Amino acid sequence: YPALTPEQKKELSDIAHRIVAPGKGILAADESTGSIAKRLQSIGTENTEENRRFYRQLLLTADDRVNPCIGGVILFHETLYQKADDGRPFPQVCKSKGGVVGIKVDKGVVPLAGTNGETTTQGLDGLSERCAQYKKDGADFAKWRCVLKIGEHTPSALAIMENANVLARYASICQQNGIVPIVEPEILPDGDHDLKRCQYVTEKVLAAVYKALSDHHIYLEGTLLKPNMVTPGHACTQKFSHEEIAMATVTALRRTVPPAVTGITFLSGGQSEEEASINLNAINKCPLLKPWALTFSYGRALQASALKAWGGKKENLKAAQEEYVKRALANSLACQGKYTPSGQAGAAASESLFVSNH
C-alpha cells in the first residue's frame, strides 16, 4: 500500500533538488506577527501590516545577484497573500527570481506535561487542506519547527519521541499534497554544555527522527532537514575552533542522516551573520565524505544588517537591500566552500543574534 505514486515522487524530489541546487540556499522570512514585532521594535518601527509588507518586500525584491543565491524562500501565511508595490503577488516575485516559495505550517510549541519545561509542536489539525490550498497558491515546500533543549534531564525520552513523531505526521501530510517538507528538529544552543554534548544529543535526536520518518513511510528524497549545527552552548566557558564545529557537525550528520536525503539546510540559531557563514563554509570544506547538499536556511543570520540599515525608513531601501545581498552572496560561497572573509566583518554581522528561549 504505497503512500506516493511514481509521478508524485518525481515531483517532490525535483522540488527538493531545485531548492538546494549548488550554491543556493534558503531565506527564511517566516516570522509570525508576534515574532517579527520584536525585530521591528529594536529599530523603532511600529509593527503594522504595512511595515511588515514593506520589509518583506525589501528582501524579496533585492537585485538579481541574489537569484543564484536563493533557491527557496519561506513565508508566513500573511506574507504569502500580500503583493508588491507593482501589484505582483510575493509568491510570483520569488518565482520570477528563480526561487521556490515555501510556507510555515506549524502553529507553535506547546508544553509537555510532566517534563522540565519541554515542548512539542501543534499544527496538524486541518493541515492536509491547508497544504492543498497553499499548493494552489504557489507554495512548493513547507516548514515545521520542533524545539528541544539541552539541560538537566533534557531532551527527555518523551520529548525526543513525541517531537519526532509529529515531525513525521507533518511530513506525511505535506507529501500527500504536493509539498516537500523541511523537517526541523532544532536543539537550542542555550546552556553551558560543551561541543561534544551537543554532538551526542544531536545524534540521538536525528536518529529518533529518521526512525520515525521511516515508521511513517516518508519519502526521504522529497524531504530536507534543517538542523542546528553542532556547537558548544551559548554560556560554555570553553572555546572551540570553527573546524572543531565542522568536525562535530559533519560527523553527527554522517552517523544519522541517510544519503537519500536531498539536502541539509542549517539553521543559524543565534550565530552572528559572519559566524554562520564561516562555520557553514568550514563544513563544506571538511574533507570527509558528505553525500547531501550542505547549505543554509537562515532567517536572522541573513537579515541582521539589512534590518539595522533599513531602520524603518523608506529612504534606506537600497542600503538595506544591499546588506542582505552581501549576505546572500557570502553564504552562497560558503555553501560551496569558497567563502574567505574580507576581514571587514560589519558590527551588525559580528553581533551575537542569540536570544534565550525561556
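All residue numbers refer to positions in the sequence shown, first residue = 1.
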Averaged over C-alpha atoms, is the B-factor higher for 255-263 or for 236-244 in this PDB entry?
236-244
Between 80-88 and 156-164, which has the higher average C-alpha B-factor in the PDB entry?
80-88
Looking at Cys286, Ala208, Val230, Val105, which has the highest CA B-factor as recorded?
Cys286
Taking the C-alpha B-factors as the PDB entry records them, is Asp192 in the lowest, middle or highest third of its chain?
highest
Is the Cα B-factor recorded for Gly99 in the lowest, middle or highest third of its chain?
highest
Give the position of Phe54 by CA B-factor within its chain, expressed as the lowest, middle or highest third.
highest
Which third of the chain holds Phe296 when residues are ordered by C-alpha B factor: lowest, middle or highest?
lowest
Quick tally, chain-level thirds of C-alpha B-factors: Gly126 sits in the lowest
